Amino acid sequence: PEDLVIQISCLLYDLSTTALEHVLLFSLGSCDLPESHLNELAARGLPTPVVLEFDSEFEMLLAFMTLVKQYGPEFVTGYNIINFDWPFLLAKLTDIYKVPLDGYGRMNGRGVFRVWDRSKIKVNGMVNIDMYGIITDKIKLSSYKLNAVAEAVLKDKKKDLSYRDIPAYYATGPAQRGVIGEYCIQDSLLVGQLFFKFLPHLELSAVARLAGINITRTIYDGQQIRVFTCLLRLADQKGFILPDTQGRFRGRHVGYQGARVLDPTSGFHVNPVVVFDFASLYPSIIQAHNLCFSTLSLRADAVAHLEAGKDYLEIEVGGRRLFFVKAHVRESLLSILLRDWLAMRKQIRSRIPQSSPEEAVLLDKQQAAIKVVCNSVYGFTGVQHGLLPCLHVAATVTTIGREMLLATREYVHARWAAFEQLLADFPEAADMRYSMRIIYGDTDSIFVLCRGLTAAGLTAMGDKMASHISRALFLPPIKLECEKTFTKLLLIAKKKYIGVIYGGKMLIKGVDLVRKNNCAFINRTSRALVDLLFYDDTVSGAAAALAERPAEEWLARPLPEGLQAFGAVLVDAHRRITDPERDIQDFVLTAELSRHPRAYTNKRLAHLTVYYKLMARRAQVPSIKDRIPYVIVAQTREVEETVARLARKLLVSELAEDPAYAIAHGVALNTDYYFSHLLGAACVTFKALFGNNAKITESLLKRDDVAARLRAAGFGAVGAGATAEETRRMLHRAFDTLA
Amino acid sequence: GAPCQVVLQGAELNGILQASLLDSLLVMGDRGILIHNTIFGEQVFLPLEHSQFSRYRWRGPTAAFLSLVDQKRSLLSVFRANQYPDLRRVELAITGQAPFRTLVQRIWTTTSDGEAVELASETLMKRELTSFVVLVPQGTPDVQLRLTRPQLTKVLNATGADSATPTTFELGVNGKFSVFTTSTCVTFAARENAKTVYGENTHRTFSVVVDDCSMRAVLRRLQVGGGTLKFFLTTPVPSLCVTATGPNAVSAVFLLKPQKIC
DNA sequence: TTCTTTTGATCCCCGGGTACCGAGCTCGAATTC
DNA sequence: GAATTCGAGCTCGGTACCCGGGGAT
């Protein structure tokens with residue numbers, strides 16, 4: 001009862017014109033907003049803040065809820081309003097003040113006004129769109145604090161007030177309480193800007209309109225109820241009914257066999273690499289092959305009066321023969337369903353330019369929405385103990401996917417093996433001059449390493465190749481298409497690669513520069529290294545020279561004379577890591593909590609360590625899908641004693657402080673760890689240059705105090721740092737000195 | 001045959017097989033092969049004279065090979081204790097031009113009836129370094145003393161454990177050779193029974209001092225059977241060399257810090 | 001008193017852990033120049 | 001016995017799993 005709400009900023013926009021109409025500030029006690037803030041508001045055209053003062057917290061919260069009922073904002077938003085703001089307020093209004101919220105929605109009583117911890121919220125007749133969840137799935141950031149999100153999306157360096165500094169302010173007069181109220185209002189102004197950049201209500205309403213669910217189920221209930229409702233509409237038309245099974249119902253384990261990931265020929269490929277890949281692969285399989293529940297036959301009798309291959313497909317899935325009858329016998333509900341979505345997918349994109357500026361923005365959020373339904377169909381069938389599952393359909397989809405990946409690879413290897421056959425198919429290869437070998441693939445893509453062909457017109461012919469393949473091999477809705485051309489590619493591992501698309505941009509795919517784990521320091525230097533490798537010539541030459549030797553020969557020989565700048569970056573980073581300014585925001589790792597800290601079995605993780613350190617100090621405990629930032633502090637006899645107190649060489653899960661603490665208490669970072677992980681990221685990427693040997697790479701990246709004392713002991717050098725005659729004469733001097 | 005050629009048929013090869021030393025460096029040239037390695041931070045050498053091969057022949061500037069062929073195997077692993085039981089012979093043929101030579105090592109095992117099967121599964125091929133420099137010892141020592149297995153074992157027992165306790169090979173006047181430390185001390189007579197070492201230039205007293213106590217580990221790995229203990233002090237940094245008199249001439253130079261006094 | 005759902009699989013890599021296991025690597029004591 | 005063998009016994013990384021977990025594709 002003594003940890004009370006003090007201020008409630010509340011902005012009141014108009015959803016249609018996007019115009020901020022009212023800026024309300026509820027404030028417990030006096031609040032005089034600073035003039036600078038008032039003038040920034042009037043300067044930007046925003047309404048003047050209507051500061052409302054209260055005596056007691058109950059009156060403040062009652063007045064906030066009174067506005068919620070009278071104004072009845074059809075849409076509510078905020079930042080993290082489902083994990084902190086609404087739970088805090090409702091816990092107050094129900095635990096402490098015992099107010100029934102069943103009437104503070106849109107119904108006058110007996111309505112739902114509840115939170116669940118995704119963590120949902122269901123107020124009746126009020127669509128709560130928390131921008132925290134809207135931004136975590138539209139931007140990849142390490143930290144999703146509102147200041148980091150504001151900078152990264154809005155280009156707005158905001159000033160945050162930390163909750164530790166609010167008591168010192170609130171205790172002072174109204175002018176500091178007004179400063180708190182200013183930081184409250186500015187937070188909500190940033191969230192309004194985020195909402196009107198992303199306009200989540202329009203995209204989510206396009207999805208709600210198309211699925212058949214209301215908009216709150218669209219925001220909250222997941223991907224299966226969209227598919228279930230769309231399927232239910234189709235079924236009820238066709239004369240079908242969807243059984244309940246889940247009504248009776250409730251380790252890296254899998255339900256059926258997924259897709260094929262071809263083995264990469266890892267390495268730095270400086271030749272063109274055309275990347276074909278299927279457009280909407282699994283939906284196109286479901287439509288091409290007429291996969292459904294209503295078309296499946298496990299038993300070869302249902303199709304005993306139909307031609308094979310002409311009226312039905314027959315495929316071994318999971319070692320079970322499965323018969324999927326074709327359309328013109330029964331249109332697979334899933335195919336029929338997908339035809340509409342796939343038609344809209346391309347149709348909208350085509351008429352986006354043929355629309356008003358506002359209508360183009362509409363087709364932006366709206367079309368992107370029709371892309372979610374396409375991949376949602378595949379997951380519905382293969383969810384075990386989910387609504388209306390059929391793992392025969394899902395396993396058939398993936399089985400045809402794996403067959404098609406291999407069928408495409410064999411077609412490319414058989415037809416276009418020699419340049420004469422390539423020229424026979426495409427005479428425009430004549431001005432593009434060989435070998436053409438798939439060097440990698442994934443569920444749908446294939447990376448064709450086109451040697452002897454110029455990268456210049458290779459995508460323009462790759463489109464024609466892809467049409468050739470898709471015509472020769474696959475059924476009409478399926479379509480392979482040349483989507484990239486890398487002029488350089490570094491095939492690191494299966495789902496890892498870097499490469500510069502033709503005459504253009506760098507594509508980084510799962511190599512920990514695109515992963516939210518690392519600290520900005522390691523990411524910054526790793527990016528510097530890959531930019532050297534790809535853009536900076538004379539390091540691409542040295543790197544492409546590294547493949548002329550097997551990796552272990554570089555452990556003996558001096559590396560080619562170009563790669564020196566590639567280690568200058570590392571050397572600089574070594575300097576930069578020890579330097580005692582080391583602002584530790586560069587050194588902040590993160591990790592997502594992702595389940596209750598009791599649902600872990602491996603409870604020796606750094607982010608769990610710091611989660612409990614935060615709950616121990618009564619700081620702000622994170623939420624189940626938050627990111628938990630942490631530093632690795634240096635192992636010090638005090639830290640050792642403290643960890644054993646809360647219970648050598650400590651683990652990195654026990655040197656797991658959080659940055660706020662580690663600045664406040666000036667705890668110093670673990671230089672050993674952070675540099676070993678800098679070199680670890682370098683090794684993980686650049687093992688592809690060295691035969692994928694992380695060991696050799698590590699050694700060569702970590703590559704005096706003997707030569708010094710030898711030159712001091714009157715040993716002359718014989719080799720590099722002298723003319724060849726000088727080395728010979730000194731070698732004479734040695735041989736006669738020993739003899 | 002091919003230009004530079006080092007052949008060990010039997011009956012001189014038995015001496016070389018009788019003579020850590022795998023991740024080494026092989027500095028071949030005139031006057032023979034030098035096998036250099038670094039163990040624990042010290043420089044260990046194993047000279048192999050040109051007369052000490054069934055045929056040694058060299059044309060060109062000296063060549064230097066890393067011993068680890070393709071980073072596991074070794075050009076000296078042939079000469080190991082029991083790696084190839086039935087071995088008789090090795091040839092080392094070098095063929096190239098001065099910045100780029102390569103060396104090949106073939107193996108020859110005995111058969112019945114005087115012939116040899118070439119184990120072509122285990123021949124080795126190395127490329128000359130194409131850039132190198134080594135710092136070999138030079139000159140001759142100040143005063144050198146020959147020792148034995150029990151003698152040298154006990155002097156190595158006398159020496160320190162870590163950086164706390166530096167050791168000192170002082171030689172006093174009229175035969176006071178001494179290898180001490182604070183809490184262990186050993187001493188011999190120097191003649192030009194059981195503590196009477198032989199040597200030459202014994203008048204050259206000193207008291208050398210070492211700060212790094214890796215001598216014991218270093219010289220135990222090589223399992224030296226007692227040999228020469230040579231002191232080198234006319235340098236800013238004195239160095240002590242140790243050369244087993246067993247089958248080999250494997251030597252090891254240890255750096256004695258500049259605090260030279262008598 | 002307190003909740004009260006949702007796509008699928010594949011894949012690399014790292015942190016924390018275990019478990020061989022060859023390589024050295026000296027000791028310890030039968031067989032012996 | 002004094003060297004001397006490989007013989008038997010220690011330990012000391014090395015590598016690879018083996019695994020959970022992050023977080024890509």
# chains A, B, ... in the order shown; residues from 1 in each chain; ligands from 1
>>> interface_residues(of="chain B", to="chain D", cutoff="12 Å", atoms="only C-alpha atoms (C1' of nucleotides)", output="list in words")
residues 81, 82, 148, 149, 150, 225, 226 and 246 of chain B
>>> write_last_selection(atoms="C-alpha atoms", output="short mmCIF file (atom, residue, chain, number, x, y, z; two decimals), in the first residue's frame")
data_model
loop_
_atom_site.label_atom_id
_atom_site.label_comp_id
_atom_site.auth_asym_id
_atom_site.auth_seq_id
_atom_site.Cartn_x
_atom_site.Cartn_y
_atom_site.Cartn_z
CA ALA B 81 61.71 -45.26 -30.98
CA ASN B 82 59.12 -47.77 -32.30
CA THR B 148 77.06 -37.98 -15.79
CA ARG B 149 73.54 -39.30 -15.22
CA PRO B 150 73.63 -39.39 -11.38
CA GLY B 225 72.08 -38.91 -19.80
CA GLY B 226 74.54 -36.39 -18.45
CA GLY B 246 74.36 -40.20 -24.85
#
>>> residues_around(residues="residue 12 (chain C)", least_positions_apart="2", cutoff="10 Å", atoms="only C-alpha atoms (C1' of nucleotides)", output="PyMOL selection string")
(chain A and resi 492-496+510-511+684) or (chain C and resi 10+14) or (chain D and resi 23-24)
>>> closest_atom_pairs(of="chain C", to="chain A", cutoff="10 Å", atoms="only C-alpha atoms (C1' of nucleotides)", output="JSON lines")
{"residue": "C:3", "atom": "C1'", "partner": "A:116", "partner_atom": "CA", "distance": 7.3}
{"residue": "C:4", "atom": "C1'", "partner": "A:116", "partner_atom": "CA", "distance": 7.2}
{"residue": "C:5", "atom": "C1'", "partner": "A:221", "partner_atom": "CA", "distance": 7.6}
{"residue": "C:6", "atom": "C1'", "partner": "A:222", "partner_atom": "CA", "distance": 5.4}
{"residue": "C:7", "atom": "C1'", "partner": "A:379", "partner_atom": "CA", "distance": 4.5}
{"residue": "C:8", "atom": "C1'", "partner": "A:379", "partner_atom": "CA", "distance": 4.7}
{"residue": "C:9", "atom": "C1'", "partner": "A:258", "partner_atom": "CA", "distance": 4.6}
{"residue": "C:10", "atom": "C1'", "partner": "A:258", "partner_atom": "CA", "distance": 7.1}
{"residue": "C:11", "atom": "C1'", "partner": "A:495", "partner_atom": "CA", "distance": 6.0}
{"residue": "C:12", "atom": "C1'", "partner": "A:495", "partner_atom": "CA", "distance": 6.9}
{"residue": "C:13", "atom": "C1'", "partner": "A:684", "partner_atom": "CA", "distance": 8.0}
{"residue": "C:14", "atom": "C1'", "partner": "A:680", "partner_atom": "CA", "distance": 9.4}
{"residue": "C:15", "atom": "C1'", "partner": "A:652", "partner_atom": "CA", "distance": 7.7}
{"residue": "C:16", "atom": "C1'", "partner": "A:604", "partner_atom": "CA", "distance": 7.9}
>>> residues_around(residues="residue 117 (chain B)", least_positions_apart="6", cutoff="9 Å", atoms="only C-alpha atoms (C1' of nucleotides)", output="JSON, numbers by chain")
{"B": [107, 108, 109, 110, 111]}
>>> write_last_selection(atoms="N, CA and C atoms", output="mmCIF file, in the first residue's frame")
data_model
loop_
_atom_site.group_PDB
_atom_site.id
_atom_site.type_symbol
_atom_site.label_atom_id
_atom_site.label_comp_id
_atom_site.auth_asym_id
_atom_site.auth_seq_id
_atom_site.Cartn_x
_atom_site.Cartn_y
_atom_site.Cartn_z
ATOM 1 N N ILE B 107 60.360 -43.831 -47.178
ATOM 2 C CA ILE B 107 60.703 -44.813 -46.160
ATOM 3 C C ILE B 107 61.029 -46.133 -46.843
ATOM 4 N N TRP B 108 61.895 -46.905 -46.207
ATOM 5 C CA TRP B 108 62.380 -48.183 -46.716
ATOM 6 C C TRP B 108 62.431 -49.138 -45.536
ATOM 7 N N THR B 109 61.681 -50.231 -45.602
ATOM 8 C CA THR B 109 61.710 -51.276 -44.585
ATOM 9 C C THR B 109 62.431 -52.511 -45.106
ATOM 10 N N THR B 110 63.102 -53.204 -44.195
ATOM 11 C CA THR B 110 63.768 -54.452 -44.534
ATOM 12 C C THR B 110 62.755 -55.490 -44.992
ATOM 13 N N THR B 111 63.184 -56.345 -45.915
ATOM 14 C CA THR B 111 62.518 -57.597 -46.256
ATOM 15 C C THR B 111 63.503 -58.740 -46.066
#
>>> interface_residues(of="chain B", to="chain A", cutoff="12 Å", atoms="only C-alpha atoms", output="PyMOL selection string")
chain B and resi 23-25+29-32+38+41-43+47+49+60-73+99+126-141+232-239+255-258
>>> residues_around(residues="residue 9 (chain B)", least_positions_apart="4", cutoff="8 Å", atoms="only C-alpha atoms (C1' of nucleotides)", output="list in words")
residues 13, 54, 88, 89 and 90 of chain B
>>> write_last_selection(atoms="N, CA, C and O atoms", output="PDB file, in the first residue's frame")
ATOM      1  N   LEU B  13      72.429 -45.120 -40.226  1.00  0.00           N
ATOM      2  CA  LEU B  13      71.100 -44.814 -39.734  1.00  0.00           C
ATOM      3  C   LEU B  13      70.872 -45.366 -38.348  1.00  0.00           C
ATOM      4  O   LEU B  13      70.142 -44.758 -37.573  1.00  0.00           O
ATOM      5  N   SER B  54      74.596 -41.277 -44.437  1.00  0.00           N
ATOM      6  CA  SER B  54      75.185 -42.207 -45.391  1.00  0.00           C
ATOM      7  C   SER B  54      75.598 -41.490 -46.658  1.00  0.00           C
ATOM      8  O   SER B  54      76.497 -41.942 -47.373  1.00  0.00           O
ATOM      9  N   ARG B  88      64.511 -49.596 -42.193  1.00  0.00           N
ATOM     10  CA  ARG B  88      65.949 -49.656 -42.427  1.00  0.00           C
ATOM     11  C   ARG B  88      66.553 -48.350 -42.901  1.00  0.00           C
ATOM     12  O   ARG B  88      67.719 -48.094 -42.592  1.00  0.00           O
ATOM     13  N   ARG B  89      65.824 -47.543 -43.675  1.00  0.00           N
ATOM     14  CA  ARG B  89      66.462 -46.498 -44.465  1.00  0.00           C
ATOM     15  C   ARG B  89      65.492 -45.358 -44.683  1.00  0.00           C
ATOM     16  O   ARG B  89      64.273 -45.548 -44.699  1.00  0.00           O
ATOM     17  N   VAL B  90      66.066 -44.164 -44.818  1.00  0.00           N
ATOM     18  CA  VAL B  90      65.325 -42.975 -45.202  1.00  0.00           C
ATOM     19  C   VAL B  90      66.176 -42.192 -46.182  1.00  0.00           C
ATOM     20  O   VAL B  90      67.394 -42.079 -46.011  1.00  0.00           O
TER      21      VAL B  90
END
>>> interface_residues(of="chain B", to="chain C", cutoff="12 Å", atoms="only C-alpha atoms (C1' of nucleotides)", output="mmCIF file with N, CA, C and O atoms, in the first residue's frame")
data_model
loop_
_atom_site.group_PDB
_atom_site.id
_atom_site.type_symbol
_atom_site.label_atom_id
_atom_site.label_comp_id
_atom_site.auth_asym_id
_atom_site.auth_seq_id
_atom_site.Cartn_x
_atom_site.Cartn_y
_atom_site.Cartn_z
ATOM 1 N N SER B 20 58.649 -34.243 -27.698
ATOM 2 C CA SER B 20 58.942 -32.789 -27.790
ATOM 3 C C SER B 20 59.534 -32.440 -29.157
ATOM 4 O O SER B 20 59.020 -31.495 -29.782
ATOM 5 N N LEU B 21 60.543 -33.190 -29.618
ATOM 6 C CA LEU B 21 61.241 -32.833 -30.886
ATOM 7 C C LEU B 21 60.447 -33.306 -32.109
ATOM 8 O O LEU B 21 61.020 -34.055 -32.926
ATOM 9 N N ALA B 217 62.215 -29.088 -15.886
ATOM 10 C CA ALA B 217 61.257 -29.661 -16.829
ATOM 11 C C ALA B 217 61.888 -29.867 -18.203
ATOM 12 O O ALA B 217 61.774 -30.947 -18.807
ATOM 13 N N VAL B 218 62.558 -28.829 -18.709
ATOM 14 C CA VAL B 218 63.142 -28.866 -20.042
ATOM 15 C C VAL B 218 64.096 -30.038 -20.157
ATOM 16 O O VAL B 218 63.941 -30.916 -21.011
ATOM 17 N N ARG B 220 64.498 -32.566 -18.278
ATOM 18 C CA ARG B 220 63.997 -33.890 -17.931
ATOM 19 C C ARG B 220 63.240 -34.509 -19.099
ATOM 20 O O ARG B 220 63.395 -35.706 -19.361
ATOM 21 N N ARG B 221 62.396 -33.724 -19.785
ATOM 22 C CA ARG B 221 61.714 -34.208 -20.994
ATOM 23 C C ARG B 221 62.665 -34.863 -21.982
ATOM 24 O O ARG B 221 62.388 -35.945 -22.502
ATOM 25 N N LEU B 222 63.775 -34.203 -22.286
ATOM 26 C CA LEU B 222 64.733 -34.768 -23.223
ATOM 27 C C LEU B 222 65.489 -35.963 -22.665
ATOM 28 O O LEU B 222 66.241 -36.594 -23.417
ATOM 29 N N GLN B 223 65.322 -36.277 -21.382
ATOM 30 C CA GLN B 223 65.958 -37.419 -20.729
ATOM 31 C C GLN B 223 67.449 -37.463 -21.029
ATOM 32 O O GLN B 223 67.979 -38.429 -21.574
#
>>> residues_around(residues="residue 241 (chain B)", least_positions_apart="3", cutoff="6 Å", atoms="only C-alpha atoms (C1' of nucleotides)", output="PDB file with N, CA and C atoms, in the first residue's frame")
ATOM      1  N   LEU B 229      78.109 -29.227 -19.764  1.00  0.00           N
ATOM      2  CA  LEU B 229      77.468 -28.039 -19.201  1.00  0.00           C
ATOM      3  C   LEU B 229      78.409 -26.902 -19.568  1.00  0.00           C
ATOM      4  N   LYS B 230      77.987 -26.076 -20.521  1.00  0.00           N
ATOM      5  CA  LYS B 230      78.791 -25.028 -21.133  1.00  0.00           C
ATOM      6  C   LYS B 230      78.266 -23.657 -20.718  1.00  0.00           C
ATOM      7  N   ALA B 252      70.625 -27.813 -25.220  1.00  0.00           N
ATOM      8  CA  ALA B 252      69.566 -26.909 -24.762  1.00  0.00           C
ATOM      9  C   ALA B 252      70.218 -25.693 -24.132  1.00  0.00           C
ATOM     10  N   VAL B 253      69.977 -24.501 -24.680  1.00  0.00           N
ATOM     11  CA  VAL B 253      70.514 -23.278 -24.093  1.00  0.00           C
ATOM     12  C   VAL B 253      69.449 -22.626 -23.224  1.00  0.00           C
TER      13      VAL B 253
END
>>> select_by_dssp(residues="region 517-602 of chain A", states="alpha helix (DSSP H)", output="PDB file with C-alpha atoms, in the first residue's frame")
ATOM      1  CA  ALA A 520      27.762  -3.713 -29.324  1.00  0.00           C
ATOM      2  CA  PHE A 521      31.533  -3.832 -28.920  1.00  0.00           C
ATOM      3  CA  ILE A 522      31.966  -7.291 -30.395  1.00  0.00           C
ATOM      4  CA  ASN A 523      29.332  -6.577 -33.051  1.00  0.00           C
ATOM      5  CA  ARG A 524      31.048  -3.346 -34.036  1.00  0.00           C
ATOM      6  CA  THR A 525      34.437  -4.961 -34.459  1.00  0.00           C
ATOM      7  CA  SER A 526      33.006  -8.062 -36.141  1.00  0.00           C
ATOM      8  CA  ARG A 527      31.298  -5.832 -38.655  1.00  0.00           C
ATOM      9  CA  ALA A 528      34.570  -3.998 -39.186  1.00  0.00           C
ATOM     10  CA  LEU A 529      36.269  -7.301 -40.004  1.00  0.00           C
ATOM     11  CA  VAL A 530      33.580  -8.501 -42.409  1.00  0.00           C
ATOM     12  CA  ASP A 531      33.600  -5.132 -44.152  1.00  0.00           C
ATOM     13  CA  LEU A 532      37.328  -5.570 -44.619  1.00  0.00           C
ATOM     14  CA  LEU A 533      36.812  -9.065 -46.003  1.00  0.00           C
ATOM     15  CA  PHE A 534      34.085  -8.126 -48.454  1.00  0.00           C
ATOM     16  CA  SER A 540      39.524 -10.185 -50.415  1.00  0.00           C
ATOM     17  CA  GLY A 541      42.572 -11.044 -52.465  1.00  0.00           C
ATOM     18  CA  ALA A 542      44.457 -12.346 -49.478  1.00  0.00           C
ATOM     19  CA  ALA A 543      41.366 -14.111 -48.209  1.00  0.00           C
ATOM     20  CA  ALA A 544      40.775 -15.740 -51.580  1.00  0.00           C
ATOM     21  CA  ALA A 545      44.464 -16.663 -51.574  1.00  0.00           C
ATOM     22  CA  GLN A 564      47.543  -7.499 -42.312  1.00  0.00           C
ATOM     23  CA  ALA A 565      44.784  -4.906 -42.123  1.00  0.00           C
ATOM     24  CA  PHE A 566      42.416  -7.655 -41.096  1.00  0.00           C
ATOM     25  CA  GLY A 567      44.424  -8.059 -37.921  1.00  0.00           C
ATOM     26  CA  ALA A 568      44.910  -4.340 -37.423  1.00  0.00           C
ATOM     27  CA  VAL A 569      41.229  -4.201 -36.572  1.00  0.00           C
ATOM     28  CA  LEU A 570      41.647  -6.954 -34.053  1.00  0.00           C
ATOM     29  CA  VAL A 571      44.710  -5.315 -32.594  1.00  0.00           C
ATOM     30  CA  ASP A 572      42.847  -2.051 -32.297  1.00  0.00           C
ATOM     31  CA  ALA A 573      39.938  -3.786 -30.622  1.00  0.00           C
ATOM     32  CA  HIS A 574      42.346  -5.319 -28.130  1.00  0.00           C
ATOM     33  CA  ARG A 575      43.540  -1.825 -27.298  1.00  0.00           C
ATOM     34  CA  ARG A 576      39.988  -0.563 -27.159  1.00  0.00           C
ATOM     35  CA  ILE A 577      38.829  -3.286 -24.831  1.00  0.00           C
ATOM     36  CA  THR A 578      41.296  -2.521 -22.037  1.00  0.00           C
TER      37      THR A 578
END
>>> select_by_dssp(residues="region 36-250 of chain B", states="strand (DSSP E or B)", output="ChimeraX atom specification")
/B:36-39,42-48,55-57,63-66,87-94,97,100,102-110,116-117,124-127,144-146,167-168,171,177-181,184-191,196-200,206-207,210,227-232,239-244
>>> decode(residues="region 83-144 of chain B", atoms="C-alpha atoms", output="PDB file, in the first residue's frame")
ATOM      1  CA  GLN B  83      56.964 -45.895 -34.826  1.00  0.00           C
ATOM      2  CA  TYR B  84      57.902 -48.134 -37.736  1.00  0.00           C
ATOM      3  CA  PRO B  85      59.254 -51.436 -36.337  1.00  0.00           C
ATOM      4  CA  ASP B  86      60.882 -52.812 -39.461  1.00  0.00           C
ATOM      5  CA  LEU B  87      62.490 -49.597 -40.814  1.00  0.00           C
ATOM      6  CA  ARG B  88      65.949 -49.656 -42.427  1.00  0.00           C
ATOM      7  CA  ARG B  89      66.462 -46.498 -44.465  1.00  0.00           C
ATOM      8  CA  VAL B  90      65.325 -42.975 -45.202  1.00  0.00           C
ATOM      9  CA  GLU B  91      66.123 -40.607 -48.052  1.00  0.00           C
ATOM     10  CA  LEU B  92      65.431 -36.845 -47.931  1.00  0.00           C
ATOM     11  CA  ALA B  93      65.405 -35.457 -51.493  1.00  0.00           C
ATOM     12  CA  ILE B  94      64.991 -31.732 -52.117  1.00  0.00           C
ATOM     13  CA  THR B  95      63.976 -30.374 -55.505  1.00  0.00           C
ATOM     14  CA  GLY B  96      63.243 -26.752 -56.349  1.00  0.00           C
ATOM     15  CA  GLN B  97      64.614 -23.247 -56.666  1.00  0.00           C
ATOM     16  CA  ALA B  98      65.913 -21.221 -53.842  1.00  0.00           C
ATOM     17  CA  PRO B  99      62.744 -19.369 -52.624  1.00  0.00           C
ATOM     18  CA  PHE B 100      60.721 -22.551 -53.260  1.00  0.00           C
ATOM     19  CA  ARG B 101      62.238 -25.934 -52.463  1.00  0.00           C
ATOM     20  CA  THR B 102      60.267 -28.896 -51.355  1.00  0.00           C
ATOM     21  CA  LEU B 103      61.660 -31.873 -49.509  1.00  0.00           C
ATOM     22  CA  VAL B 104      60.318 -35.402 -49.784  1.00  0.00           C
ATOM     23  CA  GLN B 105      60.901 -38.219 -47.298  1.00  0.00           C
ATOM     24  CA  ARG B 106      60.584 -41.794 -48.445  1.00  0.00           C
ATOM     25  CA  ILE B 107      60.703 -44.813 -46.160  1.00  0.00           C
ATOM     26  CA  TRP B 108      62.380 -48.183 -46.716  1.00  0.00           C
ATOM     27  CA  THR B 109      61.710 -51.276 -44.585  1.00  0.00           C
ATOM     28  CA  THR B 110      63.768 -54.452 -44.534  1.00  0.00           C
ATOM     29  CA  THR B 111      62.518 -57.597 -46.256  1.00  0.00           C
ATOM     30  CA  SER B 112      63.886 -61.077 -46.541  1.00  0.00           C
ATOM     31  CA  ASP B 113      66.384 -61.665 -49.327  1.00  0.00           C
ATOM     32  CA  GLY B 114      67.935 -58.175 -49.279  1.00  0.00           C
ATOM     33  CA  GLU B 115      65.281 -55.787 -50.617  1.00  0.00           C
ATOM     34  CA  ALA B 116      63.032 -53.006 -49.413  1.00  0.00           C
ATOM     35  CA  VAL B 117      59.327 -52.177 -49.640  1.00  0.00           C
ATOM     36  CA  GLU B 118      58.628 -48.438 -49.972  1.00  0.00           C
ATOM     37  CA  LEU B 119      55.699 -47.613 -47.663  1.00  0.00           C
ATOM     38  CA  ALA B 120      54.218 -45.096 -50.084  1.00  0.00           C
ATOM     39  CA  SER B 121      51.259 -44.644 -47.740  1.00  0.00           C
ATOM     40  CA  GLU B 122      53.496 -42.793 -45.254  1.00  0.00           C
ATOM     41  CA  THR B 123      56.014 -40.822 -47.301  1.00  0.00           C
ATOM     42  CA  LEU B 124      56.094 -37.126 -46.396  1.00  0.00           C
ATOM     43  CA  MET B 125      56.364 -33.969 -48.480  1.00  0.00           C
ATOM     44  CA  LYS B 126      57.199 -30.554 -47.070  1.00  0.00           C
ATOM     45  CA  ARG B 127      57.776 -27.151 -48.641  1.00  0.00           C
ATOM     46  CA  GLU B 128      60.715 -24.944 -47.693  1.00  0.00           C
ATOM     47  CA  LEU B 129      59.539 -22.182 -45.374  1.00  0.00           C
ATOM     48  CA  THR B 130      59.821 -19.356 -47.983  1.00  0.00           C
ATOM     49  CA  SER B 131      60.565 -16.946 -45.158  1.00  0.00           C
ATOM     50  CA  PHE B 132      62.462 -17.701 -41.991  1.00  0.00           C
ATOM     51  CA  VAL B 133      65.117 -16.667 -39.531  1.00  0.00           C
ATOM     52  CA  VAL B 134      66.402 -18.490 -36.475  1.00  0.00           C
ATOM     53  CA  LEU B 135      68.707 -17.375 -33.728  1.00  0.00           C
ATOM     54  CA  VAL B 136      71.220 -20.175 -33.209  1.00  0.00           C
ATOM     55  CA  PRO B 137      73.826 -20.154 -30.404  1.00  0.00           C
ATOM     56  CA  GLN B 138      77.245 -18.831 -31.282  1.00  0.00           C
ATOM     57  CA  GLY B 139      80.901 -18.834 -30.277  1.00  0.00           C
ATOM     58  CA  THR B 140      82.256 -21.200 -27.647  1.00  0.00           C
ATOM     59  CA  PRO B 141      81.642 -21.234 -23.887  1.00  0.00           C
ATOM     60  CA  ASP B 142      83.657 -19.656 -21.072  1.00  0.00           C
ATOM     61  CA  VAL B 143      84.222 -22.911 -19.193  1.00  0.00           C
ATOM     62  CA  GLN B 144      82.615 -26.282 -19.828  1.00  0.00           C
TER      63      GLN B 144
END
